[PDB]
>>> print(open('target_16.pdb').read())   # PDB, C-alpha atoms
MODEL        1
ATOM      1  CA  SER Z 982     -35.639  -1.965 -17.347  1.00  0.00           C
ATOM      2  CA  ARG Z 983     -35.533   0.275 -14.255  1.00  0.00           C
ATOM      3  CA  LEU Z 984     -31.880   1.304 -13.702  1.00  0.00           C
ATOM      4  CA  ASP Z 985     -29.863   3.481 -16.055  1.00  0.00           C
ATOM      5  CA  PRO Z 986     -27.096   1.646 -17.987  1.00  0.00           C
ATOM      6  CA  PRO Z 987     -24.154   3.509 -16.368  1.00  0.00           C
ATOM      7  CA  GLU Z 988     -25.220   2.182 -12.958  1.00  0.00           C
ATOM      8  CA  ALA Z 989     -27.164  -0.957 -13.894  1.00  0.00           C
ATOM      9  CA  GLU Z 990     -24.058  -2.292 -15.640  1.00  0.00           C
ATOM     10  CA  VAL Z 991     -22.330  -2.778 -12.277  1.00  0.00           C
ATOM     11  CA  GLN Z 992     -25.265  -4.730 -10.858  1.00  0.00           C
ATOM     12  CA  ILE Z 993     -25.312  -6.819 -14.030  1.00  0.00           C
ATOM     13  CA  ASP Z 994     -21.580  -7.530 -13.825  1.00  0.00           C
ATOM     14  CA  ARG Z 995     -21.959  -8.570 -10.181  1.00  0.00           C
ATOM     15  CA  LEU Z 996     -24.828 -10.912 -10.983  1.00  0.00           C
ATOM     16  CA  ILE Z 997     -22.921 -12.339 -13.961  1.00  0.00           C
ATOM     17  CA  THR Z 998     -19.883 -12.994 -11.782  1.00  0.00           C
ATOM     18  CA  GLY Z 999     -21.959 -14.754  -9.140  1.00  0.00           C
ATOM     19  CA  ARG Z1000     -23.858 -16.843 -11.675  1.00  0.00           C
ATOM     20  CA  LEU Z1001     -20.667 -17.730 -13.559  1.00  0.00           C
ATOM     21  CA  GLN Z1002     -19.101 -18.848 -10.288  1.00  0.00           C
ATOM     22  CA  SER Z1003     -22.163 -21.010  -9.675  1.00  0.00           C
ATOM     23  CA  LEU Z1004     -21.818 -22.582 -13.126  1.00  0.00           C
ATOM     24  CA  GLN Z1005     -18.105 -23.191 -12.539  1.00  0.00           C
ATOM     25  CA  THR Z1006     -18.930 -24.921  -9.257  1.00  0.00           C
ATOM     26  CA  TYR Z1007     -21.502 -27.104 -11.013  1.00  0.00           C
ATOM     27  CA  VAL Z1008     -19.049 -28.031 -13.779  1.00  0.00           C
ATOM     28  CA  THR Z1009     -16.265 -28.883 -11.321  1.00  0.00           C
ATOM     29  CA  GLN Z1010     -18.606 -31.034  -9.236  1.00  0.00           C
ATOM     30  CA  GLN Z1011     -19.711 -32.797 -12.411  1.00  0.00           C
ATOM     31  CA  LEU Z1012     -16.097 -33.412 -13.430  1.00  0.00           C
ATOM     32  CA  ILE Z1013     -15.391 -35.088 -10.091  1.00  0.00           C
ATOM     33  CA  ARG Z1014     -18.641 -37.066 -10.160  1.00  0.00           C
ATOM     34  CA  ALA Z1015     -17.871 -38.085 -13.746  1.00  0.00           C
ATOM     35  CA  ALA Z1016     -14.478 -39.343 -12.607  1.00  0.00           C
ATOM     36  CA  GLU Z1017     -16.213 -41.405  -9.924  1.00  0.00           C
ATOM     37  CA  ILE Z1018     -18.690 -42.827 -12.436  1.00  0.00           C
ATOM     38  CA  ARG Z1019     -15.824 -43.542 -14.845  1.00  0.00           C
ATOM     39  CA  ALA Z1020     -13.971 -45.494 -12.168  1.00  0.00           C
ATOM     40  CA  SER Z1021     -17.158 -47.420 -11.415  1.00  0.00           C
ATOM     41  CA  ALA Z1022     -17.762 -48.065 -15.130  1.00  0.00           C
ATOM     42  CA  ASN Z1023     -14.202 -49.329 -15.548  1.00  0.00           C
ATOM     43  CA  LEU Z1024     -14.751 -51.653 -12.602  1.00  0.00           C
ATOM     44  CA  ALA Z1025     -18.058 -52.793 -14.120  1.00  0.00           C
ATOM     45  CA  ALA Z1026     -16.393 -53.500 -17.465  1.00  0.00           C
ATOM     46  CA  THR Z1027     -13.646 -55.435 -15.703  1.00  0.00           C
ATOM     47  CA  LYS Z1028     -16.237 -57.446 -13.771  1.00  0.00           C
ATOM     48  CA  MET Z1029     -18.188 -58.134 -16.959  1.00  0.00           C
ATOM     49  CA  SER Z1030     -15.066 -59.335 -18.737  1.00  0.00           C
TER      50      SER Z1030
ATOM     51  CA  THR L 393      -3.511   8.851 -32.894  1.00  0.00           C
ATOM     52  CA  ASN L 394      -5.852  11.833 -32.675  1.00  0.00           C
ATOM     53  CA  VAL L 395      -7.155  14.414 -30.219  1.00  0.00           C
ATOM     54  CA  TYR L 396     -10.539  16.119 -30.299  1.00  0.00           C
ATOM     55  CA  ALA L 397     -11.328  19.331 -28.432  1.00  0.00           C
ATOM     56  CA  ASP L 398     -15.038  19.805 -27.721  1.00  0.00           C
ATOM     57  CA  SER L 399     -15.510  23.423 -26.647  1.00  0.00           C
ATOM     58  CA  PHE L 400     -18.752  24.883 -25.301  1.00  0.00           C
ATOM     59  CA  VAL L 401     -20.188  27.041 -22.507  1.00  0.00           C
ATOM     60  CA  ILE L 402     -22.511  25.588 -19.859  1.00  0.00           C
ATOM     61  CA  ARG L 403     -23.778  26.387 -16.345  1.00  0.00           C
ATOM     62  CA  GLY L 404     -22.441  25.348 -12.953  1.00  0.00           C
ATOM     63  CA  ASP L 405     -25.374  23.165 -11.959  1.00  0.00           C
ATOM     64  CA  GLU L 406     -24.866  21.301 -15.248  1.00  0.00           C
ATOM     65  CA  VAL L 407     -21.058  20.888 -15.171  1.00  0.00           C
ATOM     66  CA  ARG L 408     -21.521  17.578 -13.354  1.00  0.00           C
ATOM     67  CA  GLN L 409     -23.299  16.231 -16.446  1.00  0.00           C
ATOM     68  CA  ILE L 410     -20.145  16.390 -18.624  1.00  0.00           C
ATOM     69  CA  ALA L 411     -18.928  12.938 -17.578  1.00  0.00           C
ATOM     70  CA  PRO L 412     -19.475   9.380 -18.855  1.00  0.00           C
ATOM     71  CA  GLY L 413     -22.829   7.855 -17.987  1.00  0.00           C
ATOM     72  CA  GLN L 414     -24.469  11.070 -16.773  1.00  0.00           C
ATOM     73  CA  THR L 415     -28.075  12.210 -17.076  1.00  0.00           C
ATOM     74  CA  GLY L 416     -29.503  15.709 -17.398  1.00  0.00           C
ATOM     75  CA  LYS L 417     -30.576  18.315 -19.941  1.00  0.00           C
ATOM     76  CA  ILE L 418     -27.061  18.638 -21.376  1.00  0.00           C
ATOM     77  CA  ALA L 419     -26.124  14.967 -21.217  1.00  0.00           C
ATOM     78  CA  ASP L 420     -29.426  13.896 -22.759  1.00  0.00           C
ATOM     79  CA  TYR L 421     -30.194  16.641 -25.300  1.00  0.00           C
ATOM     80  CA  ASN L 422     -26.980  18.611 -25.940  1.00  0.00           C
ATOM     81  CA  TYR L 423     -23.778  16.601 -25.394  1.00  0.00           C
ATOM     82  CA  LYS L 424     -23.634  12.931 -24.422  1.00  0.00           C
ATOM     83  CA  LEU L 425     -20.334  11.294 -23.487  1.00  0.00           C
ATOM     84  CA  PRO L 426     -19.847   7.550 -24.089  1.00  0.00           C
ATOM     85  CA  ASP L 427     -19.488   5.108 -21.229  1.00  0.00           C
ATOM     86  CA  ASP L 428     -15.963   4.196 -22.387  1.00  0.00           C
ATOM     87  CA  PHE L 429     -14.722   7.792 -22.533  1.00  0.00           C
ATOM     88  CA  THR L 430     -10.925   8.189 -22.504  1.00  0.00           C
ATOM     89  CA  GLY L 431     -10.294  11.890 -22.061  1.00  0.00           C
ATOM     90  CA  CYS L 432     -10.303  14.854 -19.728  1.00  0.00           C
ATOM     91  CA  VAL L 433     -12.942  17.499 -18.957  1.00  0.00           C
ATOM     92  CA  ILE L 434     -11.776  21.030 -18.128  1.00  0.00           C
ATOM     93  CA  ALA L 435     -13.936  23.912 -16.921  1.00  0.00           C
ATOM     94  CA  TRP L 436     -13.359  27.438 -15.662  1.00  0.00           C
ATOM     95  CA  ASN L 437     -15.495  30.377 -14.534  1.00  0.00           C
ATOM     96  CA  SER L 438     -16.010  33.049 -17.215  1.00  0.00           C
ATOM     97  CA  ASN L 439     -17.941  35.763 -15.330  1.00  0.00           C
ATOM     98  CA  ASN L 440     -15.507  38.413 -16.568  1.00  0.00           C
TER      99      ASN L 440
ENDMDL
END
>>> encode(input="target_16.pdb", output="structure tokens")
Amino acid sequence: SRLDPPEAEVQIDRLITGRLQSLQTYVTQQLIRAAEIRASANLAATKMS
Amino acid sequence: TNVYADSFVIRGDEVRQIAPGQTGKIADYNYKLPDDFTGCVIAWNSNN
């Protein structure tokens, strides 16, 4: 709302890149944590059986 | 596929406005170039 498109677009692209990198970090951390929980769940199912 | 030649006369203080993403009397009210412009801008002094 304050910067003209030809120059605001660069600031937008930079913020998008940083926020996308943050989301990718979150997703990767969740994939590892999910693998840990899956190993624990498999152990829990083995213990139950 | 195609070439377009846009021909007009302007003034020196305004020649900087014939470029993508530019502001000014010409860029805003006379000739506005797109942000994705794929072309060349040529200008020469015509005092004579």
>>> closest_residue(input="target_16.pdb", among="L:435, L:418, L:411, L:395", to="chain Z", atoms="all atoms listed in the file")
L:411
>>> interface_residues(input="target_16.pdb", of="chain Z", to="chain L", cutoff="12 Å", atoms="only C-alpha atoms", output="ChimeraX atom specification")
/Z:984-990
>>> residues_around(input="target_16.pdb", residues="segment 401-404 of chain L", least_positions_apart="3", cutoff="10 Å", atoms="all atoms listed in the file", output="PDB file with C-alpha atoms, keeping the file's coordinate frame")
ATOM      1  CA  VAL L 407     -21.058  20.888 -15.171  1.00  0.00           C
ATOM      2  CA  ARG L 408     -21.521  17.578 -13.354  1.00  0.00           C
ATOM      3  CA  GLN L 409     -23.299  16.231 -16.446  1.00  0.00           C
ATOM      4  CA  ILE L 410     -20.145  16.390 -18.624  1.00  0.00           C
ATOM      5  CA  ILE L 418     -27.061  18.638 -21.376  1.00  0.00           C
ATOM      6  CA  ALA L 435     -13.936  23.912 -16.921  1.00  0.00           C
ATOM      7  CA  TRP L 436     -13.359  27.438 -15.662  1.00  0.00           C
ATOM      8  CA  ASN L 437     -15.495  30.377 -14.534  1.00  0.00           C
ATOM      9  CA  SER L 438     -16.010  33.049 -17.215  1.00  0.00           C
TER      10      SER L 438
END
>>> atom_distance(input="target_16.pdb", atom1="atom CA of residue 420 of chain L", atom2="atom CA of residue 405 of chain L")
14.8 Å
>>> atom_distance(input="target_16.pdb", atom1="atom CA of residue 421 of chain L", atom2="atom CA of residue 397 of chain L")
19.3 Å
>>> atom_distance(input="target_16.pdb", atom1="atom CA of residue 396 of chain L", atom2="atom CA of residue 433 of chain L")
11.7 Å
>>> axis_aligned_box(input="target_16.pdb", around="segment 407-426 of chain L", padding_each_side="5 Å", output="lines of an AutoDock Vina configuration file")
center_x = -24.8
center_y = 14.2
center_z = -19.6
size_x = 21.6
size_y = 23.3
size_z = 22.6
